[PDB]
Amino acid sequence: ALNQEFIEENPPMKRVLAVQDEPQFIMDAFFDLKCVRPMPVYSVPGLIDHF
Amino acid sequence: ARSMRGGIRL
Amino acid sequence: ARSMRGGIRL
Amino acid sequence: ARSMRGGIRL
Amino acid sequence: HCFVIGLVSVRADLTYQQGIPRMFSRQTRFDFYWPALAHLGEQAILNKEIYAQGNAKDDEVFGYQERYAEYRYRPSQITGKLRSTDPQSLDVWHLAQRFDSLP
Amino acid sequence: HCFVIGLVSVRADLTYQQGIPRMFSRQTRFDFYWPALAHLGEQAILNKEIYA
Amino acid sequence: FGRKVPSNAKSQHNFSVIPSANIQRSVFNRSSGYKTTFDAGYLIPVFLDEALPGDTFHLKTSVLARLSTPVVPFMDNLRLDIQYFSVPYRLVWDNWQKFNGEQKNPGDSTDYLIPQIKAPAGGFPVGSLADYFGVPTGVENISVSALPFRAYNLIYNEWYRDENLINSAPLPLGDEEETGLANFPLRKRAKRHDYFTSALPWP
Amino acid sequence: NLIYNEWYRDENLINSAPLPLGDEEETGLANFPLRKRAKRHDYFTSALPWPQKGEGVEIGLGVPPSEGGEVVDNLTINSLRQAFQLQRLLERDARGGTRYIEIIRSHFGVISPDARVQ
Amino acid sequence: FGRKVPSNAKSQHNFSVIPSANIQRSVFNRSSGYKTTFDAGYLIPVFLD
Amino acid sequence: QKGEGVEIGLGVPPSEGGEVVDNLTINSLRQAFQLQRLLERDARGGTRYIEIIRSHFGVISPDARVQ
C-alpha cells in the first residue's frame, strides 16, 4: 500500500553481500573545521576585573 | 533541488 | 538608537 | 615543536 | 667526548570508545561558554568523560585541563559495531584502547 | 546558540520486478494520450502496476 | 516673540548608552575523526557540534566508507550522502531563553536545568541514537542531555518526514526527564522520487 | 500586547502583558488595556532596582556557634576569581538586559535579526 | 573489465518537480485617512493593515 | 596548580581549641593571587630548570650549558 512501510528506504542488502550478519558499511570520517570563535585559542587563568 | 511534489522530503 | 542600559525600551 | 603544556616530553 | 644515541619509536593516533562527550554533560548556565568566564582557573575532566559506569566515581576528577577546553579539543570517536564493548565487535578495524577498569 | 548535526545516509536506485507496465493495461480510446485530455485531474495508479 | 531654548533630553539619552563588549575573537582548527558501522536507509548522525553566537565555521569533510564484501559486481547504483543542519537551542527546549536569564515578569526564578534522558535498563543499546552520537552503550545508570535527540527528531519532522504518509516524530519541548530512547528511534530516509514514490493517497 | 512586551515594556520593572496564544474566546478587554510608554532615559529613569541582576555574589564567612554555628572552608583563589567573574556576568545582565536578543548583543558581538528570534 | 551503465534516477526525479505558480502581481495606491483624539503617554494604534 | 593551592585562611570557632586568624590586608590578598599565578605557571609550563627559565622569562637556554 502507499504508506510508511512502502516509502521508507529499505534496499535488500542481505542478499547481495557475501558475509551474513555483519554491518553493511564500515566508515571512517574526518571533519576539518576552521572556526572563528569568541574565545582565545588558549586561556591562561587570571585577569579578575577584566572581561 | 527544486520544489518537489508532495511537499519537501530530502 | 544604540544599545541602552536596562535592555531595550523604545 | 613549540613549548608544550606540562613541560617537555617528546 | 660524547655518545650519539638514535632512538626509534612507533606511535598510533588517539581515539576513544568509552565515556560521554562533555557536550552531553552540561546542566547549568555556567557550564556553557560565556566570554566573562574564559579566564577562570583549570576545569576538572570528570571520569565519565573517559570511562562512564553510573557509579559515584563518574563525577570524580580524572585530572585538570584549561577552562572550556572541550570547545577547542574534539577527541576522535568509535560509535557502532566497531566498539570493543560489542559482543560481536569489529575492533580489528582500529587501534582505540579498551579500558577494562577506570583509568 | 545552535547544534550543527551532520546526517549520513545511503540510498540505492529504484527498479521493479512485479506488476504490469501501464502500456499493456490500455483498453479504451481515452486510456491513450489525447491533447484535449492532458489537463484532467490526477489518475489512479492501479495495484497491478506494482504488484499483480 | 521670543525663540524657545533647547531641552537636555538628547545628552541625557547619550549618557545612558552602554559601551559595546570587547569580545576577543580568534581563529583555530577544530579537526575531529569519527569511525562507525551502519546499514542502508537510516539517517545516521555522524557529526555533532555546538556553535556559539558569533561563531563562523568552514567545514571540509573527508570520507572513506567500505562496503562489506559483495558476491558479484551487482548492477545497481548506490549513493552515500551527508547533509548538515543548524538547530537553534530555542527550537528544542521552550525554557532555553529563560535558562539564559530571560524573565516573563520581574523577579521570576530562572534557574532551569538542561532536560535529561536516562539510560534504560541494560544501558543504551548498539545501533541506537545514543550509540551513533557516541554516548557509551551498555552502561547502566548514566544520563545525557535530551537536546541533541530532540534536534534529530526536529530535523526529521521538517526535512525527511513525508508530510502526508508519516506521523510526526514526538518532540517534547519541556523540562521532563525521559527514560530510554522510545521517543527517539533511529529514523529511515524516504526513497527517491519516482512514478510510485511521488504518488499521493488522494486526488 | 506582543509589541508592548518586546519593545516598550521595561524588562525589570514591569510584568509582561498577557499573551494567550490559543483558540479561547475572550470577553471584554481585561487582558488588553491601552498601555503607557516609558519616560526618556535620564539619571533616574535609567536607574536599576539592584547593583546586579542576581542576588549579588557574597563570599561565605560562616558564623560562631551559640552548638548551631555555620562552618565554611578556607577560600581558594580559584573560588575567589570565580566569585568575581560571576559578579561581572550578573552586572553585564543588569546593564545590558536579559531578553535573549539583549543577552546575545551584550555578552557577544552579535546583532541577531528580530525575525529569527520570534 | 566492463563499464557500468547509468541509472534513470535523475530523470525520474526531474519528472516529479512541480511548476512554479504564476502569481499575477500588481501595483496600486492603498491610501487611507484616520482621525482621532488621544492623551499623552499612551501607545495609540493609529494604523493597522 | 603545582603546589598545594593557595588558600586564604579563615580560622575556626572553639569547641576552647579554636583557630585564630588575623584580618586580611589587601597586601596579603594580592600576594596570595600572585603566588597562585606562579604555581599555575609552574604547572602549565613545567618545572625542569630549563622549563622554568623558558616559562617565567623570555629566555631559550642551550641544553648543553644546563647539563
Side-chain angles (χ1 to χ4, degrees), chain A residues 4-5 8-10 23, chain B residues 9-10, chain E residues 19-27 48 52 54 77 79-81 83 86, chain F residues 2-9, chain G residues 34 36-50 83-96 113-162 165-190:
Chain A
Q4 181 161 5
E5 183 180 9
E8 285 179 351
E9 172 66 326
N10 197 103
Chain B
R9 46 163 151 100
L10 290 174
Chain E
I20 307 307
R22 187 166 176 121
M23 64 184 55
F24 293 96
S25 310
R26 303 187 200 291
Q27 201 149 14
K48 67 196 180 189
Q77 296 172 10
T79 62
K81 306 299 296 171
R83 296 190 198 243
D86 190 292
Chain F
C2 300
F3 300 100
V4 184
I5 298 180
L7 299 188
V8 163
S9 84
Chain G
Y34 175 93
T36 199
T37 65
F38 74 95
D39 292 333
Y42 288 101
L43 288 163
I44 306 305
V46 300
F47 178 77
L48 171 70
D49 211 350
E50 299 190 326
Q83 287 155 325
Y84 321 88
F85 304 86
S86 156
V87 189
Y89 283 55
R90 62 177 178 75
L91 302 188
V92 291
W93 182 36
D94 271 337
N95 293 316
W96 174 253
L113 296 176
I114 300 288
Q116 294 287 303
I117 302 193
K118 275 185 164 69
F124 302 112
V126 174
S128 65
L129 279 178
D131 188 20
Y132 285 119
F133 287 133
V135 183
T137 53
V139 186
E140 185 60 27
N141 292 298
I142 69 177
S143 72
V144 294
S145 67
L147 276 55
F149 302 84
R150 293 175 184 194
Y152 183 96
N153 284 10
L154 174 65
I155 290 160
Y156 179 78
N157 284 343
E158 292 301 334
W159 291 100
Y160 294 99
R161 184 181 71 83
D162 183 293
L165 298 184
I166 300 182
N167 299 315
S168 300
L171 183 67
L173 295 177
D175 298 353
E176 187 165 47
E177 186 167 74
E178 303 280 295
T179 296
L181 297 172
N183 286 313
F184 303 107
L186 192 73
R187 293 281 171 181
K188 276 173 175 168
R189 192 168 176 201

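Chain letters run A, B, ... following the sequence lines, proteins first and then strands; every chain starts at 1. These values consider heavy atoms only, across backbone and side chains, with no hydrogens, waters or symmetry-generated copies.
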So, G:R187 side chain and G:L43 main chain: donor-acceptor pair closer than 3.5 Å or not? no
Judged by atom type as modelled, is there a donor-acceptor pair below 3.5 Å linking the side chain of G:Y152 to the main-chain atoms of F:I5? no
Heavy atoms, side chains only, cut-off 4.5 Å: are G:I117 and G:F184 in contact? yes
Work out which heavy atom in G:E178 is nearest to a heavy atom in G:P172; give both atom names and the distance. OE2-CG, 4.3 Å
For G:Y160 and B:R9, run side-chain contact (heavy atoms from CB on, under 4.5 Å): C-alpha distance rounded to whole Å, both residues' side-chain angles, the deciding distance at 0.1 Å, then the answer. CA-CA 5 Å; G:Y160 294 99; B:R9 46 163 151 100; 5.7 Å; no
Given the rule in the side-chain contact (heavy atoms from CB on, under 4.5 Å) test, do G:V87 and G:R150 qualify, once you have shown the distances and angles that lead to the verdict? CA-CA 10 Å; G:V87 189; G:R150 293 175 184 194; over 6 Å; no
Would you indicate whether the side-chain heavy atoms of G:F124 and G:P120 approach each other to under 4.5 Å? yes
Short side-chain to backbone donor-acceptor contact, G:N153 and G:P170, under 3.5 Å: yes
Side chain G:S143, main chain G:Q116, donor-acceptor under 3.5 Å: no
Strictly distance-based, threshold 3.5 Å: is any side-chain N or O of G:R189 a donor or acceptor partner for the main-chain N or O of B:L10? yes
Could you walk me through whether F:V8 and G:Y34 pass the side-chain contact (heavy atoms from CB on, under 4.5 Å) check? CA-CA 12 Å; F:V8 163; G:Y34 175 93; over 6 Å; no
Residues forming a side-chain contact (heavy atoms from CB on, under 4.5 Å) with G:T179, sequence neighbours excluded: G:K118
Treating G:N157 as the side-chain partner and G:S168 as the backbone partner, does any N or O pair qualify as donor plus acceptor under 3.5 Å? no
Got G:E158 and G:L154 here, is their nearest side-chain heavy-atom distance under 4.5 Å? yes
Indicate yes or no: at least one non-hydrogen side-chain atom of G:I44 is less than 4.5 angstrom from one of G:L186. yes
Heavy-atom pair with the smallest gap, counting every atom of A:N10 and G:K188: OD1-NZ, 2.9 Å
Does atom OH (G:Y89) have a neighbourhood of more than 12 heavy atoms from anything else shown, all under 6.0 Å? yes
How close do F:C2 and G:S86 get, counting heavy atoms only, and between which atoms? SG-OG, 3.8 Å
Is a side-chain donor or acceptor of G:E140 paired with a backbone partner of G:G122 at a separation under 3.5 angstrom? yes
Do G:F149 and G:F133 have ring centroids that are under 6.0 Å from one another? yes
How close do G:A119 and G:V139 get, counting heavy atoms only, and between which atoms? CB-O, 3.9 Å
